[PDB]
Amino acid sequence: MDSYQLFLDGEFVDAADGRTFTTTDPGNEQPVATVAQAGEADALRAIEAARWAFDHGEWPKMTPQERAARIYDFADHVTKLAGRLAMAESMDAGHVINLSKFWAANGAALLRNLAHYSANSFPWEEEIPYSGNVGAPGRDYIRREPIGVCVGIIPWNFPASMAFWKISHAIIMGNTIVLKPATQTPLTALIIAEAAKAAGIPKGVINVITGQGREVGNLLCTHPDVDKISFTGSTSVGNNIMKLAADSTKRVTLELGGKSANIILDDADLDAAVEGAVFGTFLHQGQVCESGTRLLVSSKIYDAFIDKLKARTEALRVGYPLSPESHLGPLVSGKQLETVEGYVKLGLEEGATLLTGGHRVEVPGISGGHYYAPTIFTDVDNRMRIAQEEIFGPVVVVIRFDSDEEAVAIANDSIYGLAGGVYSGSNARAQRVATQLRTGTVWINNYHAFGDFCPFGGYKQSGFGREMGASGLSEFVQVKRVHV
Amino acid sequence: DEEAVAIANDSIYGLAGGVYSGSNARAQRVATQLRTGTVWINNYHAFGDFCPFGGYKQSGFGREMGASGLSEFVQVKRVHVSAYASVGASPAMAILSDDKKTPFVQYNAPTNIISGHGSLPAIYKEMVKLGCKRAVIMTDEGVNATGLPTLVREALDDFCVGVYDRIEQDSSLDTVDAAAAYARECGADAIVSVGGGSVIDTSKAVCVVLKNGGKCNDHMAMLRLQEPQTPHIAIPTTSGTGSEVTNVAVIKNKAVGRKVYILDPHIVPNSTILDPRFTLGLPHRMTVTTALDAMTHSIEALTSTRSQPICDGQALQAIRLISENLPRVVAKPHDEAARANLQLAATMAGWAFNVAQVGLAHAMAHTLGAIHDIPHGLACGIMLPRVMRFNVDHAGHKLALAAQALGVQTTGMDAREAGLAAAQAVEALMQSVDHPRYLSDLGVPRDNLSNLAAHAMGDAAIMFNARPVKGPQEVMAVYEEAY
Amino acid sequence: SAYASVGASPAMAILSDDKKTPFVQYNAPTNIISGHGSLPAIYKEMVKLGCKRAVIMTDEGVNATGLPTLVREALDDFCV
Amino acid sequence: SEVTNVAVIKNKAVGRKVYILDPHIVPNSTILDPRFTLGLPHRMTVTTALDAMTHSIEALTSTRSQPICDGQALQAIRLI
Amino acid sequence: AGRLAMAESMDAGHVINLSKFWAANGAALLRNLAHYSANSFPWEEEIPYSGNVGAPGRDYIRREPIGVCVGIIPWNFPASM
Amino acid sequence: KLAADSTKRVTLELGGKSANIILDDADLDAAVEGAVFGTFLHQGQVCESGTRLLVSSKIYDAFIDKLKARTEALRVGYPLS
């Protein structure tokens with residue numbers, strides 16, 4: 001059985017006390033590997049390593065063009081581990097192989113693209129031709145500089161992708177990052193740290209610590225030597241991490257969950273609309289943050305849409321993640337399965353009509369595993385708790401409307417603002433609907449259209465700040481005005 | 001000054017600061033190290049409407065004034081308008097379905113084709129059309145020994161300013177960098193490539209580097225460039241690689257030991273010249289290997305998941321021309337018409353697989369070439385029919401069309417039967433034209449097949465073939481069958 | 001001359017019985033978009049060409065069928 | 001006409017169709033959406049199909065026929 | 001301008017030579033920021049290269065107002081802040 | 001901390017202890033004038049006041065006397081005067 005170690009100061013080391021814990025495959029409930037359990041001493045060591053790498057290391061001092069070559073080497077060594085990363089992701093987080101086989105390629109492409117943009121197009125120095133002050137002649141210009149030590153906390157939804165996002169955004173701009181993966185899925189961050197070590201990244205730039213409980217997270221958030229926290233997860237934990245970081249006045253970026261609405265207009269193509277709705281709701285068993293769990297369907301096409309949606313949903317195959325024939329895998333843990341069952345029971349109590357699913361699934365040839373059938377609820381009002389509270393499971397609620405204004409009002413009637421989608425046969429009508437949605441991302445006739453230069457983020461209580469693009473890169477730099 | 005900087009930064013606040021000095025350079029050296037949101041040199045309290053201000057550390061966060069200040073009071077929304085509104089239009093949604101076909105692609109072929117007897121002098125006018133006056137010829141030692149680059153130089157006359165002949169077979173990033181440096185020192189504004197696929201791909205990379213600057217490793221991306229690159233004219237000397245009309249260039253990364261890609265419609269050569277003089281003297285082995293490489297291109301393009309009727313027409317016409325004219329070239333080496341037909345077949349096969357994309361055979365051939373230095377044509381030819389039989393059941397009526405193009409009669413037969421007949425015809429042609437057929441002849445050991453199969457899965461050509469590759473266990477089977 | 005071969009010029013074909021002139025240059029730069037529901041791609045094609053103000057040219061018979069209305073809705077704000 | 005470089009215009013003051021022939025007048029892009037021909041009547045369908053067939057057959061026979069044009073013409077004939 | 005300067009001097013203790021410019025500075029700032037917003041601020045921005053070849057289409061950025069804002073200012077520079 | 005409970009965007013502008021650095025090649029008259037201004041504008045109640053004055057050892061003696069004289073030359077009186 002494989003053994004994994006913390007990545008501190010450019011080397012793999014055990015925990016200070018030598019404690020370890022075992023990860024488990026959600027597909028068959030078998031142990032996968034043993035991972036070292038970081039304590040408070042290891043968190044302190046990582047913080048000092050990052051602080052020394054920033055204050056006295058060569059990483060923040062070298063030019064963007066010099067950082068670009070190191071990032072290219074890092075991306076190449078990341079590509080060299082594609083199969084291992086995909087297999088570990090499938091065995092640890094439950095991603096199906098058809099989904100998880102692209103993670104290393106996507107991460108390397110993102111690294112190369114962001115490094116090229118930083119080295120070639122990012123405005124590291126910007127002029128101010130007109131300062132608005134005639135009594136102070138001189139040269140005014142803007143310098144952008146790295147913030148310092150960054151702490152990135154990622155959830156169990158997309159471990160490899162989120163780790164790549166955090167590491168790229170932190171280190172490409174010249175900062176040093178301490179990465180803390182989720183308790184359930186720690187392997188992919190360590191595998192990426194292996195490529196970071198192989199590529200010759202300076203020591204202390206990238207640190208990965210894995211630990212159960214929440215003492216390590218509190219120590220990371222409240223330490224005076226940490227300059228920025230980038231957190232992704234649930235709203236309740238983010239609202240507490242922000243309170244913890246408030247005591248030292250440090251920059252915090254929050255990416256929280258959503259209850260994204262998918263709108264189908266009466267002129268939409270029913271085949272494409274059904275396919276897109278099914279994809280955007282049941283990709284990765286509905287455990288994506290931007291999942292369209294609220295399906296707004298026009299009254300003029302409700303009857304035709306419902307039957308096709310039912311057939312398409314029943315056509316899905318649930319099986320082992322490593323089997324290429326599987327479309328859906330298991331939930332990340334038994335607690336998540338119990339939460340989904342509780343939400344289904346609540347929805348049944350509230351009076352919603354259960355169209356399909358709502359029960360556990362036994363995968364043939366496999367004993368154990370957290371498998372759940374995709375679930376559809378109909379006759380749902382927008383003020384029901386199931387239409388208002390995030391689930392993180394393969395459950396969808398269908399709500400009908402009569403007009404585009406009513407659809408917009410229903411979609412905006414939520415505390416989340418992460419994403420949304422519109423399906424229509426006219427670009428003008430879809431854009432008219434989209435310009436009124438109070439969400440950070442709107443997809444027209446598509447869903448889950450990820451991009452390297454397309455910023456994404458949340459409105460309202462879905463968080464603040466953006467990732468990817470110049471907007472994402474600007475979160476990790478300071479702004480200095482110099483007057484001569 | 002270092003002590004002053006250390007004292008100034010020794011605080012929990014980062015709002016502002018000031019430096020007074022008689023030298024701007026010294027003051028700026030002191031200022032660039034201060035961890036404050038605003039630094040004044042020889043001034044103080046210099047407020048401005050477009051000058052952002054704010055604090056570092058425990059002086060707060062965020063900025064006021066300027067675009068930086070105005071950006072604090074706006075949200076950012078990303079809107080994506082899909083180009084297609086149909087089921088199956090996106091490869092990403094194919095994960096949750098048993099059907100993997102993705103037929104939605106956009107077709108383009110802007111290359112200006114020049115062909116015929118004595119068509120080389122047309123390069124003199126093509127240079128004027130492209131607005132270029134300083135061309136540098138890119139070639140290699142083997143082609144330079146035959147005297148064809150001398151013919152190209154005489155055709156260019158005063159538009160040629162240099163010749164670079166140091167391009168090596170299986171070129172790398174350093175070869176591209178050296179060629180780009182040599183082209184830049186000569187003040188080139190256009191690149192003329194005379195050679196095989198390696199020379200043409202290296203010239204594409206050299207054009208990208210010349211246009212954008214930097215190093216070759218910086219530009220290894222997919223669909224990133226937004227504007228036309230340095231003008232490029234390709235003059236192939238092999239009877240098929242297709243590289244004169246494709247948008248992809250493959251470069252070896254010696255520090256990684258892996259062939260990297262650059263894929264962009266803007267790296268397609270502006271023009272190409274199909275003069276039969278450049279292939280009249282080609283030996284027998286090169287002729288048969290390049291013809292079989294073109295045949296593999298056309299057959300794989302007819303079978304891939306992204307096959308389109310235009311690509312089908314190109315592939316079928318190329319297959320017909322190759323089948324009709326390869327025996328004529330083998331028997332009658334300086335038959336000019338057959339050489340021209342082979343060149344046109346190669347160009348059309350390149351057009352076909354530029355859009356339809358290649359499958360597993362090229363994924364195998366690339367690893368074979370990267371590890372054992374095996375030429376591309378032999379590797380493609382020896383694995384074409386085994387890949388055909390490998391995909392014989394998931395390929396539809398396409399293989400029947402290929403068999404009809406080769407000449408095998410298919411007035412009535414099951415799709416399996418027609419697919420097997422097509423591979424039988426391909427093997428018949430291969431044996432008729434003196435083509436090598438087994439990997440044992442070229443020195444690959446039996447045991448290294450596991451490592452080769454493992455290295456095969458890392459290529460991007462997978463997931464474009466008709467049959468999805470479940471893992472290395474099937475690549476093992478095909479490699480062993482090829483032994 | 002762009003060509004140095006016999007039969008390359010149509011003018012010299014006057015003094016010969018053979019009239020074939022096979023020397024031409026081939027080009028096809030048009031970007032082909034096709035498939036079910038491929039009309040929305042015009043919105044991105046307008047951005048690729050660097051245009052923002054398109055005018056639809058049609059006739060009465062086609063305009064009566066409502067296809068130009070579909071094109072206008074696809075163009076949205078790029079149609080003037 | 002969506003991919004050709006020639007445009008034919010009638011000159012009413014002369015009563016003769018005049019020509020403009022240039023590679024730079026080729027359309028930059030075209031959209032082949034089946035919605036734009038799904039409602040075409042029978043007479044228009046057969047006449048346009050026969051016009052395309054005439055194009056392909058004449059191109060295969062003219063004095064300037066080339067193998068690329070031959071492939072295009074043959075594929076078009078087969079599809080029609 | 002005169003009323004604002006007099007009130008600032010009497011309320012916050014600013015000397016008249018300092019407080020006599022507050023209204024002019026505020027109006028100039030308002031005009032400059034309004035002109036920049038109307039003419040140069042990127043309210044709509046294109047994304048020519050999204051980094052995703054599997055999702056063709058038009059990507060662009062819309063910038064929109066946040067909503068209700070609360071501004072708390074200290075006694076240092078009341079009018080300017 | 002109060003705004004954390006509803007997850008709303010917060011921008012903070014807090015105080016400072018800004019340092020004013022005088023190098024040995026600086027012009028002593030201009031340096032003294034600038035230091036006095038940047039420290040005593042509005043009685044030092046500006047957020048960006050340079051309350052920490054870093055002076056090189058090579059020019060300390062000459063700078064201190066001029067700074068003392070310039071500071072004692074300041075007049076304190078009614079704001080409206």
# chains A, B, ... in the order shown; residues from 1 in each chain; ligands from 1

$ interface_residues --of "chain F" --to "chain B" --cutoff "7 Å" --atoms "only C-alpha atoms" --output "PyMOL selection string"
chain F and resi 11-23+25-27+31+34+38+48+50+54

$ write_last_selection --atoms "N, CA, C and O atoms" --output "PDB file, in the first residue's frame"
ATOM      1  N   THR F  11     -14.070  47.153   1.886  1.00  0.00           N
ATOM      2  CA  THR F  11     -12.811  47.816   1.576  1.00  0.00           C
ATOM      3  C   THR F  11     -12.402  48.647   2.783  1.00  0.00           C
ATOM      4  O   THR F  11     -13.184  49.469   3.268  1.00  0.00           O
ATOM      5  N   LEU F  12     -11.183  48.428   3.266  1.00  0.00           N
ATOM      6  CA  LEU F  12     -10.698  49.059   4.485  1.00  0.00           C
ATOM      7  C   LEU F  12      -9.550  50.003   4.162  1.00  0.00           C
ATOM      8  O   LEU F  12      -8.607  49.626   3.460  1.00  0.00           O
ATOM      9  N   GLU F  13      -9.639  51.228   4.674  1.00  0.00           N
ATOM     10  CA  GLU F  13      -8.552  52.198   4.623  1.00  0.00           C
ATOM     11  C   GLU F  13      -8.264  52.615   6.057  1.00  0.00           C
ATOM     12  O   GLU F  13      -9.050  53.348   6.667  1.00  0.00           O
ATOM     13  N   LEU F  14      -7.154  52.137   6.602  1.00  0.00           N
ATOM     14  CA  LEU F  14      -6.816  52.346   7.998  1.00  0.00           C
ATOM     15  C   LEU F  14      -5.628  53.299   8.106  1.00  0.00           C
ATOM     16  O   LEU F  14      -5.098  53.785   7.102  1.00  0.00           O
ATOM     17  N   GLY F  15      -5.207  53.564   9.336  1.00  0.00           N
ATOM     18  CA  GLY F  15      -4.141  54.518   9.568  1.00  0.00           C
ATOM     19  C   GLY F  15      -2.787  53.985   9.140  1.00  0.00           C
ATOM     20  O   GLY F  15      -2.624  52.843   8.712  1.00  0.00           O
ATOM     21  N   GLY F  16      -1.786  54.857   9.260  1.00  0.00           N
ATOM     22  CA  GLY F  16      -0.426  54.530   8.904  1.00  0.00           C
ATOM     23  C   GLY F  16       0.588  55.195   9.819  1.00  0.00           C
ATOM     24  O   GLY F  16       0.261  56.047  10.649  1.00  0.00           O
ATOM     25  N   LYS F  17       1.838  54.783   9.642  1.00  0.00           N
ATOM     26  CA  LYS F  17       2.980  55.324  10.364  1.00  0.00           C
ATOM     27  C   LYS F  17       4.065  55.616   9.330  1.00  0.00           C
ATOM     28  O   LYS F  17       5.218  55.208   9.454  1.00  0.00           O
ATOM     29  N   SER F  18       3.668  56.325   8.274  1.00  0.00           N
ATOM     30  CA  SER F  18       4.496  56.482   7.085  1.00  0.00           C
ATOM     31  C   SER F  18       5.862  57.063   7.423  1.00  0.00           C
ATOM     32  O   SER F  18       5.988  57.961   8.257  1.00  0.00           O
ATOM     33  N   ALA F  19       6.889  56.534   6.765  1.00  0.00           N
ATOM     34  CA  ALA F  19       8.261  56.960   6.989  1.00  0.00           C
ATOM     35  C   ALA F  19       8.716  57.869   5.857  1.00  0.00           C
ATOM     36  O   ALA F  19       8.437  57.600   4.685  1.00  0.00           O
ATOM     37  N   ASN F  20       9.413  58.942   6.212  1.00  0.00           N
ATOM     38  CA  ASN F  20       9.981  59.878   5.252  1.00  0.00           C
ATOM     39  C   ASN F  20      11.497  59.751   5.317  1.00  0.00           C
ATOM     40  O   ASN F  20      12.095  59.974   6.373  1.00  0.00           O
ATOM     41  N   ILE F  21      12.111  59.399   4.191  1.00  0.00           N
ATOM     42  CA  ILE F  21      13.527  59.051   4.137  1.00  0.00           C
ATOM     43  C   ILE F  21      14.280  60.193   3.472  1.00  0.00           C
ATOM     44  O   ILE F  21      13.906  60.644   2.383  1.00  0.00           O
ATOM     45  N   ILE F  22      15.336  60.660   4.129  1.00  0.00           N
ATOM     46  CA  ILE F  22      16.213  61.693   3.593  1.00  0.00           C
ATOM     47  C   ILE F  22      17.576  61.058   3.360  1.00  0.00           C
ATOM     48  O   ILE F  22      18.240  60.626   4.307  1.00  0.00           O
ATOM     49  N   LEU F  23      17.998  60.995   2.101  1.00  0.00           N
ATOM     50  CA  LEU F  23      19.305  60.446   1.782  1.00  0.00           C
ATOM     51  C   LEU F  23      20.370  61.535   1.858  1.00  0.00           C
ATOM     52  O   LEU F  23      20.072  62.731   1.916  1.00  0.00           O
ATOM     53  N   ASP F  25      22.461  62.670  -0.286  1.00  0.00           N
ATOM     54  CA  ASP F  25      22.605  63.543  -1.442  1.00  0.00           C
ATOM     55  C   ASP F  25      21.414  64.472  -1.633  1.00  0.00           C
ATOM     56  O   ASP F  25      21.376  65.222  -2.613  1.00  0.00           O
ATOM     57  N   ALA F  26      20.443  64.439  -0.724  1.00  0.00           N
ATOM     58  CA  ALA F  26      19.258  65.272  -0.864  1.00  0.00           C
ATOM     59  C   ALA F  26      19.592  66.740  -0.631  1.00  0.00           C
ATOM     60  O   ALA F  26      20.521  67.073   0.109  1.00  0.00           O
ATOM     61  N   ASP F  27      18.824  67.617  -1.273  1.00  0.00           N
ATOM     62  CA  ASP F  27      18.954  69.050  -1.039  1.00  0.00           C
ATOM     63  C   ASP F  27      18.341  69.391   0.313  1.00  0.00           C
ATOM     64  O   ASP F  27      17.152  69.153   0.539  1.00  0.00           O
ATOM     65  N   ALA F  31      14.512  69.253   1.319  1.00  0.00           N
ATOM     66  CA  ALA F  31      14.203  68.136   2.207  1.00  0.00           C
ATOM     67  C   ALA F  31      13.557  68.618   3.498  1.00  0.00           C
ATOM     68  O   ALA F  31      12.581  68.025   3.967  1.00  0.00           O
ATOM     69  N   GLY F  34       9.973  69.832   2.714  1.00  0.00           N
ATOM     70  CA  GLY F  34       9.079  68.717   2.462  1.00  0.00           C
ATOM     71  C   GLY F  34       8.770  67.914   3.708  1.00  0.00           C
ATOM     72  O   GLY F  34       7.632  67.488   3.912  1.00  0.00           O
ATOM     73  N   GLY F  38       5.022  67.526   5.110  1.00  0.00           N
ATOM     74  CA  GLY F  38       4.439  66.202   5.198  1.00  0.00           C
ATOM     75  C   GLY F  38       4.193  65.728   6.611  1.00  0.00           C
ATOM     76  O   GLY F  38       3.423  64.783   6.808  1.00  0.00           O
ATOM     77  N   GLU F  48      -1.753  59.880   5.789  1.00  0.00           N
ATOM     78  CA  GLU F  48      -0.458  59.608   5.178  1.00  0.00           C
ATOM     79  C   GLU F  48       0.665  60.471   5.735  1.00  0.00           C
ATOM     80  O   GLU F  48       1.689  60.625   5.062  1.00  0.00           O
ATOM     81  N   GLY F  50       3.941  61.743   7.357  1.00  0.00           N
ATOM     82  CA  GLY F  50       5.241  61.137   7.553  1.00  0.00           C
ATOM     83  C   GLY F  50       5.779  61.378   8.947  1.00  0.00           C
ATOM     84  O   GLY F  50       6.725  62.149   9.131  1.00  0.00           O
ATOM     85  N   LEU F  54      13.290  59.457   8.743  1.00  0.00           N
ATOM     86  CA  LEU F  54      14.569  58.767   8.645  1.00  0.00           C
ATOM     87  C   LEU F  54      15.574  59.697   7.981  1.00  0.00           C
ATOM     88  O   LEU F  54      15.385  60.098   6.828  1.00  0.00           O
TER      89      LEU F  54
END

$ select_by_dssp --residues "region 419-462 of chain A" --states "strand (DSSP E or B)" --output "PyMOL selection string"
chain A and resi 420-423+441-444+456+459-460

$ residues_around --residues "region 59-68 of chain D" --least-positions-apart "4" --cutoff "10 Å" --atoms "only C-alpha atoms" --output "ChimeraX atom specification"
/B:314,317-318,321,341,344-345,347-348 /C:19-26 /D:53-55,72-74

$ interface_residues --of "chain B" --to "chain E" --cutoff "8 Å" --atoms "only C-alpha atoms" --output "VMD selection string"
chain B and resid 49 66 to 67 73 to 84 90 to 92 223 to 224 226

$ atom_distance --atom1 "CA of residue 403 (chain A)" --atom2 "CA of residue 381 (chain A)"
15.9 Å

$ interface_residues --of "chain A" --to "chain B" --cutoff "7 Å" --atoms "only C-alpha atoms" --output "ChimeraX atom specification"
/A:76,98,116,131-133,136,248-249,251,271-272,275,279,316,324,327,440-446,454-456,479-484

$ write_last_selection --atoms "C-alpha atoms" --output "compact mmCIF listing (two decimals), in the first residue's frame"
# COMPACT_ATOMS: atom_id res chain seq x y z
CA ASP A 76 6.09 19.63 -18.80
CA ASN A 98 -13.46 9.77 -18.87
CA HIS A 116 2.67 33.47 -21.14
CA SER A 131 -2.80 62.64 -12.83
CA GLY A 132 -5.48 65.31 -12.41
CA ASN A 133 -3.12 67.49 -10.35
CA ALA A 136 2.45 68.50 -8.67
CA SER A 248 -5.06 40.59 11.36
CA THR A 249 -6.54 42.51 8.38
CA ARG A 251 -6.89 39.85 2.09
CA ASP A 271 -33.14 17.86 -27.73
CA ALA A 272 -30.23 20.22 -27.07
CA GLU A 275 -29.01 17.19 -23.15
CA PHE A 279 -25.25 17.38 -18.32
CA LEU A 316 -27.54 7.33 -17.42
CA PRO A 324 -14.74 3.64 -19.02
CA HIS A 327 -21.23 7.87 -16.66
CA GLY A 440 -21.10 35.67 -11.96
CA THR A 441 -21.31 33.51 -15.09
CA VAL A 442 -24.04 32.93 -17.68
CA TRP A 443 -23.92 30.21 -20.33
CA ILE A 444 -26.14 30.49 -23.41
CA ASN A 445 -26.93 27.15 -25.08
CA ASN A 446 -24.13 25.51 -23.09
CA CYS A 454 -12.71 33.49 -18.64
CA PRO A 455 -13.12 34.86 -15.09
CA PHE A 456 -15.56 33.14 -12.76
CA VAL A 479 -0.80 48.22 -6.47
CA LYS A 480 1.88 50.84 -5.76
CA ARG A 481 1.77 54.42 -7.02
CA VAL A 482 5.18 56.05 -7.48
CA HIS A 483 5.49 59.81 -8.03
CA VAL A 484 8.77 61.35 -9.18

$ closest_residue --among "C:78, C:7, C:2, C:50" --to "chain A" --atoms "only C-alpha atoms"
C:78

$ residues_around --residues "region 30-32 of chain C" --least-positions-apart "5" --cutoff "9 Å" --atoms "only C-alpha atoms" --output "compact mmCIF listing (two decimals) with N, CA, C and O atoms, in the first residue's frame"
# COMPACT_ATOMS: atom_id res chain seq x y z
N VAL B 105 -17.39 20.79 -36.82
CA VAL B 105 -16.11 21.43 -37.03
C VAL B 105 -16.26 22.45 -38.15
O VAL B 105 -17.22 22.39 -38.94
N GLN B 106 -15.33 23.39 -38.22
CA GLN B 106 -15.32 24.41 -39.26
C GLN B 106 -14.15 24.15 -40.21
O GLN B 106 -13.02 23.92 -39.77
N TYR B 107 -14.43 24.19 -41.51
CA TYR B 107 -13.47 23.80 -42.53
C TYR B 107 -12.88 25.04 -43.19
O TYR B 107 -13.60 26.01 -43.46
N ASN B 108 -11.57 25.00 -43.46
CA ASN B 108 -10.88 26.09 -44.13
C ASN B 108 -9.64 25.54 -44.81
O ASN B 108 -9.02 24.59 -44.32
N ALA B 109 -9.28 26.14 -45.95
CA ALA B 109 -8.11 25.72 -46.72
C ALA B 109 -7.57 26.91 -47.50
O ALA B 109 -7.73 27.00 -48.72
N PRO B 110 -6.92 27.85 -46.81
CA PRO B 110 -6.49 29.09 -47.47
C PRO B 110 -5.17 28.99 -48.22
O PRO B 110 -4.76 29.98 -48.83
N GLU D 2 -21.75 31.00 -52.94
CA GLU D 2 -21.20 31.36 -51.63
C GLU D 2 -19.70 31.14 -51.54
O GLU D 2 -19.09 31.57 -50.56
N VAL D 3 -19.08 30.48 -52.53
CA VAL D 3 -17.65 30.21 -52.51
C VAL D 3 -16.96 30.58 -53.81
O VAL D 3 -15.77 30.32 -53.96
N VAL D 26 -14.57 36.87 -52.97
CA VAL D 26 -15.07 35.62 -52.39
C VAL D 26 -15.59 35.90 -50.98
O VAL D 26 -14.92 36.62 -50.22
N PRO D 27 -16.76 35.39 -50.60
CA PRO D 27 -17.26 35.63 -49.24
C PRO D 27 -16.30 35.09 -48.19
O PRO D 27 -15.66 34.05 -48.37
N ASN D 28 -16.20 35.82 -47.08
CA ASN D 28 -15.29 35.43 -46.01
C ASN D 28 -15.76 34.16 -45.32
O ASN D 28 -14.95 33.35 -44.86
N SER D 29 -17.08 33.96 -45.22
CA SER D 29 -17.64 32.82 -44.53
C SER D 29 -19.01 32.50 -45.09
O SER D 29 -19.64 33.32 -45.76
N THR D 30 -19.47 31.29 -44.81
CA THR D 30 -20.81 30.85 -45.19
C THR D 30 -21.34 29.92 -44.12
O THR D 30 -20.58 29.23 -43.44
N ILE D 31 -22.66 29.90 -43.96
CA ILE D 31 -23.33 29.07 -42.97
C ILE D 31 -24.28 28.13 -43.70
O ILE D 31 -25.21 28.58 -44.38
N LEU D 32 -24.04 26.83 -43.57
CA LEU D 32 -24.91 25.83 -44.18
C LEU D 32 -25.88 25.26 -43.15
O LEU D 32 -25.71 24.13 -42.69

$ select_by_dssp --residues "chain E" --states "alpha helix (DSSP H)" --output "ChimeraX atom specification"
/E:2-12,16-19,22-39

$ write_last_selection --atoms "C-alpha atoms" --output "tab-separated table (two decimals), in the first residue's frame"
chain	number	residue	atom	x	y	z
E	2	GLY	CA	-17.40	79.55	-0.09
E	3	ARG	CA	-20.09	78.01	2.10
E	4	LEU	CA	-18.39	74.60	2.01
E	5	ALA	CA	-15.01	76.13	2.87
E	6	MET	CA	-16.41	78.19	5.75
E	7	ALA	CA	-18.33	75.23	7.19
E	8	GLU	CA	-15.28	72.98	6.91
E	9	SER	CA	-13.07	75.53	8.67
E	10	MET	CA	-15.59	76.09	11.47
E	11	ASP	CA	-16.43	72.41	11.97
E	12	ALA	CA	-13.24	70.41	11.40
E	16	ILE	CA	-8.95	78.60	5.32
E	17	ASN	CA	-5.97	78.39	2.95
E	18	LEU	CA	-6.41	74.61	2.96
E	19	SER	CA	-10.21	74.42	3.09
E	22	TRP	CA	-12.42	71.50	-1.29
E	23	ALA	CA	-15.41	72.25	-3.52
E	24	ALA	CA	-13.22	72.83	-6.58
E	25	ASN	CA	-11.30	69.60	-5.96
E	26	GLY	CA	-14.50	67.61	-5.47
E	27	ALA	CA	-16.11	68.98	-8.63
E	28	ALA	CA	-12.96	68.35	-10.67
E	29	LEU	CA	-12.81	64.78	-9.35
E	30	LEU	CA	-16.47	64.22	-10.19
E	31	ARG	CA	-16.04	65.52	-13.74
E	32	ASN	CA	-12.82	63.58	-14.36
E	33	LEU	CA	-14.20	60.28	-13.07
E	34	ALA	CA	-17.46	60.73	-14.98
E	35	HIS	CA	-15.56	61.42	-18.20
E	36	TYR	CA	-13.29	58.41	-17.68
E	37	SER	CA	-16.26	56.15	-16.96
E	38	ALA	CA	-18.18	57.38	-20.01
E	39	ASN	CA	-15.21	57.28	-22.40

$ atom_distance --atom1 "CA of residue 1 (chain E)" --atom2 "CA of residue 134 (chain A)"
19.6 Å

$ interface_residues --of "chain F" --to "chain A" --cutoff "12 Å" --atoms "only C-alpha atoms" --output "ChimeraX atom specification"
/F:1-14

$ write_last_selection --atoms "C-alpha atoms" --output "PDB file, in the first residue's frame"
ATOM      1  CA  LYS F   1     -16.126  40.821  11.536  1.00  0.00           C
ATOM      2  CA  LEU F   2     -19.660  42.242  11.559  1.00  0.00           C
ATOM      3  CA  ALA F   3     -19.881  42.169   7.758  1.00  0.00           C
ATOM      4  CA  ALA F   4     -18.471  38.631   7.625  1.00  0.00           C
ATOM      5  CA  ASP F   5     -21.817  37.201   8.775  1.00  0.00           C
ATOM      6  CA  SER F   6     -23.537  38.153   5.493  1.00  0.00           C
ATOM      7  CA  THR F   7     -20.560  37.777   3.097  1.00  0.00           C
ATOM      8  CA  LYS F   8     -20.469  41.323   1.719  1.00  0.00           C
ATOM      9  CA  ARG F   9     -17.592  43.124   0.041  1.00  0.00           C
ATOM     10  CA  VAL F  10     -15.545  45.303   2.399  1.00  0.00           C
ATOM     11  CA  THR F  11     -12.811  47.816   1.576  1.00  0.00           C
ATOM     12  CA  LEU F  12     -10.698  49.059   4.485  1.00  0.00           C
ATOM     13  CA  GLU F  13      -8.552  52.198   4.623  1.00  0.00           C
ATOM     14  CA  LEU F  14      -6.816  52.346   7.998  1.00  0.00           C
TER      15      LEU F  14
END

$ atom_distance --atom1 "CA of residue 182 (chain B)" --atom2 "CA of residue 68 (chain A)"
24.2 Å

$ interface_residues --of "chain C" --to "chain E" --cutoff "10 Å" --atoms "only C-alpha atoms" --output "ChimeraX atom specification"
/C:40-48

$ residues_around --residues "residue 400 (chain B)" --least-positions-apart "3" --cutoff "7 Å" --atoms "only C-alpha atoms" --output "PyMOL selection string"
chain B and resi 397+403-404+415+418-419+422
